[PDB]
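Participant: Quick one: this structure, given as structure tokens, is what I'll be asking you about.
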Amino acid sequence: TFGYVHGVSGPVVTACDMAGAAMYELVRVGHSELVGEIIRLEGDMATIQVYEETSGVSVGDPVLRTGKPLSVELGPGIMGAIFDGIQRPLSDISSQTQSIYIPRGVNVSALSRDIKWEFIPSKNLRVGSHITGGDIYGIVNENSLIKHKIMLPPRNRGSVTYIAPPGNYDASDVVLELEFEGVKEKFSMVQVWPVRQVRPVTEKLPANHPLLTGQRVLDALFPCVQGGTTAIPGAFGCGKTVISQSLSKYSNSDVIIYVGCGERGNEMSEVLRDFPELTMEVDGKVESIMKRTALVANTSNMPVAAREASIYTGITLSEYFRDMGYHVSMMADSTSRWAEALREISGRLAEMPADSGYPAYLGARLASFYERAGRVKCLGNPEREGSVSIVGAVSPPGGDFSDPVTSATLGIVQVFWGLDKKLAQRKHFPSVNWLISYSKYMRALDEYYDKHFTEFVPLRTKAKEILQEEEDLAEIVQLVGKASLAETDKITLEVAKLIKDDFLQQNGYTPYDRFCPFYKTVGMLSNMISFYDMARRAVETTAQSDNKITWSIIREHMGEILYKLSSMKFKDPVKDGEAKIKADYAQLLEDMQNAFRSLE
Amino acid sequence: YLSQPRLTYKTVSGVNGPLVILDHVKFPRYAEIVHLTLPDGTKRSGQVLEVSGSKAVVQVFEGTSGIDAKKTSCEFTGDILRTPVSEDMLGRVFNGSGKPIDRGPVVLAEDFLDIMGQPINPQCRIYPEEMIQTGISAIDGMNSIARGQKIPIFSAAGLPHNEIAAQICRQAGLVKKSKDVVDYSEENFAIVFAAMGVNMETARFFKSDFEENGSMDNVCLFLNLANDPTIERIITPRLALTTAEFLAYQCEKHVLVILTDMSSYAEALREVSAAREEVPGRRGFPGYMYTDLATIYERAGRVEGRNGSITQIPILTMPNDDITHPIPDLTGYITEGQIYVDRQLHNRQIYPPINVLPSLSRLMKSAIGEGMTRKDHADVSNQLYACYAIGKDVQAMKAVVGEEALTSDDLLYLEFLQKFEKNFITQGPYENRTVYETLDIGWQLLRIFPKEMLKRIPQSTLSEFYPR
Amino acid sequence: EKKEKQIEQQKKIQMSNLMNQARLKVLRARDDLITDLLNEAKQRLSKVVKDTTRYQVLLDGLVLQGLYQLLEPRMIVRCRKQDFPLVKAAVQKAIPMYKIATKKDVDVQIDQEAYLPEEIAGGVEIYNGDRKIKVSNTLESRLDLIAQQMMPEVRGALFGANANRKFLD
Amino acid sequence: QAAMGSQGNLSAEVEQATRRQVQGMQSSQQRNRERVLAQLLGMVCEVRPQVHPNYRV
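Protein chains in written order, with the authors' numbering: chain 2, 17 to 616; chain 5, 39 to 506; chain Q, 58 to 226; chain V, 60 to 116.
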């Protein structure tokens, strides 16, 4: 029951000579209290794996006997702060220590025990009523945007005995107490949940609502669904914040949880200002989004096991706030960093290198954390519902799409937004490829689109066909010289160009072009494709009938109409009314119809 | 703190290469330092490696040679290795273990610090803002080096990377003359150099060059010759970096760390891992190597509330010009940006042979701007890069197409290529150019074309220098 | 131009060498000062050796340290010849302290066969039964240990604080 | 010839500077050596023996 530490082959040490206890328990070693995991047992012996450094630990130093596995504390106040893999409140640690370097073994809870909070119970249940796991039992007003509901943990039930009156209380004050068959249990504002399992839900409901993204590009093209899974490659100079910011501001999600690995303080500070700058006027005011969101990240110096546990801490936080009855979006950034973390862990266990150092169970772990997703029906009295989405950014080593990890992720995910650096070099933002990106969720979205628009699907299919045909014809027009071809083909190229310069592009530094409503995008695309349809029919008829109209004639006669099509993007729905924009677009369509009729 | 007497042992239960195994040790401690007295009175340091029960193992720094199984004394310090750090050590030269070699005294310690250091709280990090001029036009003009931008330099054996580093050292400085030359006198800039795996000739050359330049009032030097024990090659970086962290976050200075020859560092780590009886990983290197390089490199940057900073410039070689080799792969993962050299440029007697085509820089976008410098850097650099690229393509075109088919603009591209090569890239062993001087040279180069071909520079900034 | 710049370089290297030799000489003078201080400390200890009232208490402390550290059934104590009855009284009074503090049975034997060299200012050593494990509690070694342990504070008191040390930690 | 004059003057300058520095250090150090010595002696005379904290039964 005492220290019998060893030396190390790396940054990890072992011990033995302790009582029997279940493995995968985190026990602390020494007076500096270094955290390590029970792994292997041989009789009274039990090896350990500390994550911090091993220097300075003698034989015989005390072994603090815990009773739990790797776990994360859950409760109010998580939002607004920053946490590492072990869930340590780094900002509060800096405040308490008034020091720069991380002290070893900081024995402070993720949440303090010195801040009061306003509590309101269900105000309908009484003493003696029956309760079961998942049933809400309170509500906390963390801030003016989100209210954090409170329920009983799973695997709990029985007859209530004590309901606290409302008031100002901290987390150390027991708020609920009940009597089960033969025993009685007490519950405070905080609950602890094992990391290595899945929280239970009544069932899963198929995802059928499109995730809202501010940019019309990568939303009208290759839509995402709330509760889905997707992959976006990311590298230096191509931009990852261009999507992180977009999902942090221009989206229907209720919460963002950004999990990082191997990051710098630039993203932390820039995002902590981006929250009070790029803000949502839901109630007509500017407010920090940090109060809504939660940030977790580690750097390269941190312990490898902490780097590996960071993603699990993130996703369990996501599921806790998804049980709340909300929409959660998890940015699981740098799957490559996660993969090297796994390789580093496996390096010390002497596991067979299957494929470039990867353990055999890499694909299993991949599938198992992507498994924890989707829209679900939560456990509770009032039939709570909500969704959690994951966005796993891929990071190929030099753009080689042959990693085991990248290939497996491609196999699991359903949507893919290929990102390029060539377009950013070409001065085109946002950077999408339009050919290697794909979406597989269209079949589910057919119901919603048929219920609301009844034109998006034909129009999108037409746009995709036109773009692919133009890419096919780019080579023939290169061998002809781009100065002679059939009029129908020419007009096809012209509309493909049009779609390129006024539909498939958006400026983030223009105040009014940082958010395109989906209906606005649909109206734009319908207008453009109707214009093309009428032009194509006119040319095809006049080719055989009389006075074959050439695109020169069309463009010169209708140059004002091309000007209006180019200027359609300058509408600014923020200041300009929806009905006004619809009336303007319909009037433009009527003008185009009359102009075409006067032509023929 | 420590008040107990020091213990000695005469027990030697065996040896196996660099290891010495003994028992009847009372309460040993990992990473505990040990002194060994041989039969002939010779002293040899060492570090504890493996502990179990009563048995303990010690790795001897000076190698196991002539260690008798009886006539051997083994003295346990009772602590871990602590650096006696002090600010006044500037201008001194130490060996790997820290013992003086410059005929100076033992470092009269100001404070003892842990050699393994401590990681930095990520909340307390300040983003780099402004740049450091290293005196090398071929780097500065087209590629800034912000304060705390970990930019390595990739080279191969036989190229003058060591000489390039020496020029960087003996010409480095700041650009605080921007506000006032009189205000530039408030200098707080230092350089710490760590020569590792360096042979006699190059080590002595570094010593001589640094000694002749006369700037050693702001240069603290560490030297580890090849003949020294392999295990000291892995402790020298810790010593240098501990000194740097002290001098920055306790004396509020701006420190440029240079480590050389990380390939020998990796070889030494391979040696220790093999000595530890651990199965090798990918390409015969230890698995945990990523963690190791991370804990080396990540200790450099800025901290809130202090006027001080680090900039770290590691140098490494590429085995067989293999960029996919693990050493550059892990380095490129950890660090930001990359600088290369190219063998053909050195073969053409062009010094320094710095290729700007594959040069890359992340923090340049904010390392340069108005106020702290001029309004004419990003445009100038982008114009130079694009013009050089098209010039290379046009030279390729001329190679076969023929001189009779050339146009005036194509002749202009050839002229730009040759002038850029002979003037901007080529600097010389001691020609120290300032940032503004290199900009002026770049403008003199750009003057060949009219304003039309210089599209990358807006007309408002063209009006500044174009009509000259 | 070559000749002139050679002269400039020669003159500059002469300044650099002269400045280094000056700085090195200053550090040498400081080191000699410190060694003189340690020598005075040594002779002050040698003077304090004489007083035979506190010296008994000090030897009792040294014997207690050796007993508490070695922690073995057989112990062998070695000292200077002239202080033999003094260390005898020290060990005799010390044995009950060990037998209550640790609650073990141990035997202590005074090695009268061999003596410490006369040059030793004063102190004790203690060995196991097989003379393989030793610990020395000698006054000179203790002085060296404490001096090297508190060397930074000594200078910090003596030669003024550091102007650029804006933060201690 | 000017270089000879300058190097002679500079050698005189550095020699004067080092002499002044060592004289100042001696004037500073000779003031309070006794007090710090007595402090170090006061610690040396103490022992405060005790058992290793890790030991048990």
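We put the beta carbon where it would ideally sit given N, CA and C, even for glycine.
Work out the CA separation of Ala233 (chain 5) and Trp209 (chain 2) for me, nearest whole Å.
Facilitator: Within the first sequence, residue 209 (chain 2) is the residue found at index 193, counting from 1. Within the second sequence, residue 233 (chain 5) is the residue found at index 195, counting from 1. Roughly 51 Å between the two C-alpha positions.
Participant: Whose C-beta lies closer than 6 Å to the C-beta of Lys291 (chain 5) among residues of the same chain, with five residues either side of it excluded?
Facilitator: Along the second sequence, read from residue 1 onward, the residue named residue 291 (chain 5) stands at position 253. For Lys291 (chain 5), where only same-chain residues beyond five positions count, the Cβ hits under 6 Å are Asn226, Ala228, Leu285 and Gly346.
Participant: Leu42 (chain 2) and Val51 (chain 2): beta carbons closer than 7 Å?
Facilitator: Locating residue 42 (chain 2) in the first sequence gives position 26, where the first residue counts as 1. Locating residue 51 (chain 2) in the first sequence gives position 35, where the first residue counts as 1. Result yes, Cβ atoms of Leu42 (chain 2) and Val51 (chain 2) sit closer than 7 Å.
Participant: Listing by chain order, which chain 5 residues have their CB less than 9 Å from the CB of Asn113 (chain V)?
Facilitator: Along the fourth sequence, one-based indexing puts residue 113 (chain V) at 54. Result: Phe65.
Participant: Work out the CA separation of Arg271 (chain 5) and residue 1 (chain 2) for me, nearest whole Å.
Facilitator: Given a span of 17 to 616 for chain 2 in the structure shown, any question on residue 1 (chain 2) remains unanswerable.
Participant: Specify, as a first and last residue, the run of the alpha helix (DSSP H) that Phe243 (chain 5) falls within.
Facilitator: Within the second sequence, numbered from 1, the residue matching residue 243 (chain 5) stands at position 205. First-last of the alpha helix (DSSP H) with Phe243 (chain 5): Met238 to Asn251.
Participant: At a Cβ cut of 7 Å, what residues of the segment 373-388 of chain 5 count as close to chain 2, listed as they run along the chain?
Facilitator: Result list empty, no residue passes.
Participant: Give a yes or no on whether 7 Å exceeds the smallest Cβ distance from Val165 (chain Q) to chain V.
Facilitator: The residue given as residue 165 (chain Q) occupies position 108 in the third sequence. Not closer than 7 Å to any Cβ of chain V, the Cβ of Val165 (chain Q) fails to qualify, so no.
Participant: Report the neighbours of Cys162 (chain 5) on chain 2: residues whose CB is nearer than 7 Å to its CB, in chain order.
Facilitator: Taking the second sequence and counting its residues from 1, one reaches residue 162 (chain 5) at position 124. Near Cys162 (chain 5) (Cβ distances below 7 Å), the residues of chain 2 are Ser110 and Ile116.
Participant: Relative to the C-alpha of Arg320 (chain 5), which candidate in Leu395 (chain 2), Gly121 (chain 2) and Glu356 (chain 2) has its C-alpha closest?
Facilitator: Against the second sequence, residue 320 (chain 5) aligns to sequence position 282. Here the closest residue by C-alpha is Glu356 (chain 2).
Participant: Please state whether the Cβ-Cβ distance between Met205 (chain 2) and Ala187 (chain 2) is less than 7 Å.
Facilitator: Your numbering for residue 205 (chain 2) matches position 189 in the first sequence. Your numbering for residue 187 (chain 2) matches position 171 in the first sequence. The answer is yes: Cβ separation under 7 Å.
Participant: Check whether the Cβ atoms of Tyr40 (chain 2) and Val211 (chain 2) sit closer than 7 Å, and answer yes or no.
Facilitator: Counting from 1 along the first sequence, the entry for residue 40 (chain 2) is found at position 24. Counting from 1 along the first sequence, the entry for residue 211 (chain 2) is found at position 195. No.
Participant: Within the 7 Å Cβ cut-off, does residue 23 (chain V) reach chain Q?
Facilitator: Residue 23 (chain V) is absent from the structure shown; chain V starts at 60 and stops at 116.
Participant: Does any CB atom of chain 5 fall closer than 7 Å to the CB of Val134 (chain Q)?
Facilitator: Along the third sequence, read from residue 1 onward, the residue named residue 134 (chain Q) stands at position 77. For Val134 (chain Q), the answer is no, since every Cβ of chain 5 falls outside 7 Å of its Cβ.
Participant: For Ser70 (chain V), which residues in chain Q fall below 7 Å Cβ to Cβ?
Facilitator: In the fourth sequence, residue 70 (chain V) corresponds to position 11, counting from 1. Per Cβ cutoff of 7 Å: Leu75.
Participant: Classify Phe252 (chain 2): buried if its beta carbon has 16 or more other beta carbons within 10 angstroms, exposed otherwise.
Facilitator: One-based indexing of the first sequence puts residue 252 (chain 2) at position 236. When all chains shown are included, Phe252 (chain 2) counts as exposed.
Participant: With 8 Å as the limit, tell me which residues of the segment 36-69 of chain 2 have their beta carbon closer than that to any beta carbon of chain 5; keep them in chain order.
Facilitator: Flagged, chain order: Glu69.
Participant: Return the first residue and the last residue of the beta strand (DSSP E) that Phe203 (chain 2) is part of.
Facilitator: Reading the first sequence from its first residue, position 187 is the one you call residue 203 (chain 2). Unbroken beta strand (DSSP E) run through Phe203 (chain 2): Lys200 to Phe203.
Participant: For chain Q, is any of its Cβ atoms less than 7 Å away from the one on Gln288 (chain 5)?
Facilitator: Along the second sequence, read from residue 1 onward, the residue named residue 288 (chain 5) stands at position 250. Yes, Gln288 (chain 5) lies at the interface with chain Q (some Cβ there is under 7 Å from its Cβ).
Participant: Closest to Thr355 (chain 5) by CA distance: which of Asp126 (chain 5), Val236 (chain 5) and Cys112 (chain 5) is it?
Facilitator: Residue 355 (chain 5) sits at position 317 when you count from the first residue of the second sequence. Closest by alpha carbon: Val236 (chain 5).
Participant: Would you identify the three-state DSSP class for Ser193 (chain Q), choosing helix, strand or coil?
Facilitator: As a working mapping, residue 193 (chain Q) is identified with position 136 in the third sequence. Note: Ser193 (chain Q) maps to strand in three-state DSSP.
Participant: Which residues does DSSP list as the beta-bridge partners of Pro122 (chain 5)?
Facilitator: In the second sequence, residue 122 (chain 5) corresponds to position 84, counting from 1. DSSP, once it has assigned bridges, lists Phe150 (chain 5) as partnering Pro122 (chain 5).
Participant: Please report whether the beta-carbon of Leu279 (chain 5) lies at a distance below 7 Å from any beta-carbon of chain Q.
Facilitator: Along the second sequence, read from residue 1 onward, the residue named residue 279 (chain 5) stands at position 241. No, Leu279 (chain 5) does not count as interfacial toward chain Q.
Participant: Does the distance from the CB of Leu294 (chain 5) to the CB of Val131 (chain 5) come in under 7 Å?
Facilitator: Translated into positions along the second sequence, residue 294 (chain 5) becomes position 256. Translated into positions along the second sequence, residue 131 (chain 5) becomes position 93. In this structure, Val131 (chain 5) does not lie closer than 7 Å to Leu294 (chain 5) by Cβ.
Participant: Using a C-beta cutoff of 7 Å, does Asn159 (chain 5) count as contacting chain 2?
Facilitator: Stepping through the second sequence from its first residue, residue 159 (chain 5) is reached at position 121. Yes, because at least one Cβ of chain 2 sits closer than 7 Å to the Cβ of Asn159 (chain 5).
Participant: Helix, strand or coil for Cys207 (chain 5)? Go by DSSP, reduced to three states.
Facilitator: Residue mapping note: residue 207 (chain 5) aligns to position 169 of the second sequence, counting from 1. It is helical.
Participant: With a threshold of 7 Å between beta carbons, is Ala611 (chain 2) in contact with chain 5?
Facilitator: Mapped onto the first sequence, residue 611 (chain 2) falls at position 595. Chain 5 contact via Cβ: absent.
Participant: Any beta carbon from chain V within less than 7 Å of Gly76 (chain 2)'s own beta carbon?
Facilitator: Locating residue 76 (chain 2) in the first sequence gives position 60, where the first residue counts as 1. For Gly76 (chain 2), the answer is yes, since a Cβ of chain V falls inside 7 Å of its Cβ.
Participant: For the alpha helix (DSSP H) containing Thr113 (chain 2), name the first residue and the last one.
Facilitator: To locate residue 113 (chain 2), count along the first sequence from 1; it is residue 97. Per DSSP, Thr113 (chain 2) belongs to the alpha helix (DSSP H) from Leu106 to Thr113.
Participant: Who pairs with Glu89 (chain 2) in a beta bridge, going by DSSP?
Facilitator: Looking up residue 89 (chain 2) in the first sequence gives position 73. Paired residue(s): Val208 (chain 2).
Participant: From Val418 (chain 5) to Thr472 (chain 5), what distance separates their C-alpha atoms?
Facilitator: Reading the second sequence from its first residue, position 380 is the one you call residue 418 (chain 5). Reading the second sequence from its first residue, position 434 is the one you call residue 472 (chain 5). Whole-angstrom Cα-Cα distance: 16 Å.
Participant: Which of helix, strand or coil does DSSP assign to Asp140 (chain Q)?
Facilitator: Looking up residue 140 (chain Q) in the third sequence gives position 83. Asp140 (chain Q): helix per DSSP, three-state reduction.
Participant: Along the chain, which unbroken stretches of the beta strand (DSSP E) at least 3 residues long are found entirely within the segment 399-426 of chain 2?
Facilitator: 401-410, all fully within the segment 399-426 of chain 2.
Participant: Using beta-carbon positions only, say whether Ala332 (chain 5) and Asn314 (chain 2) come within less than 7 Å of one another.
Facilitator: For this step, residue 332 (chain 5) is matched to residue 294 along the second sequence. For this step, residue 314 (chain 2) is matched to residue 298 along the first sequence. No, these two residues do not count as a Cβ contact at 7 Å.
Participant: Nearest to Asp126 (chain 5) by alpha carbon, out of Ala218 (chain Q), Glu61 (chain Q) and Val165 (chain Q)?
Facilitator: For the purposes of this step, residue 126 (chain 5) is taken as the residue at position 88 of the second sequence. Ranking the options by Cα distance to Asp126 (chain 5), first place goes to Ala218 (chain Q).
Participant: From what residue to what residue does the beta strand (DSSP E) around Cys258 (chain 5) run?
Facilitator: Translated into positions along the second sequence, residue 258 (chain 5) becomes position 220. Its beta strand (DSSP E) spans residues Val257 to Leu263.
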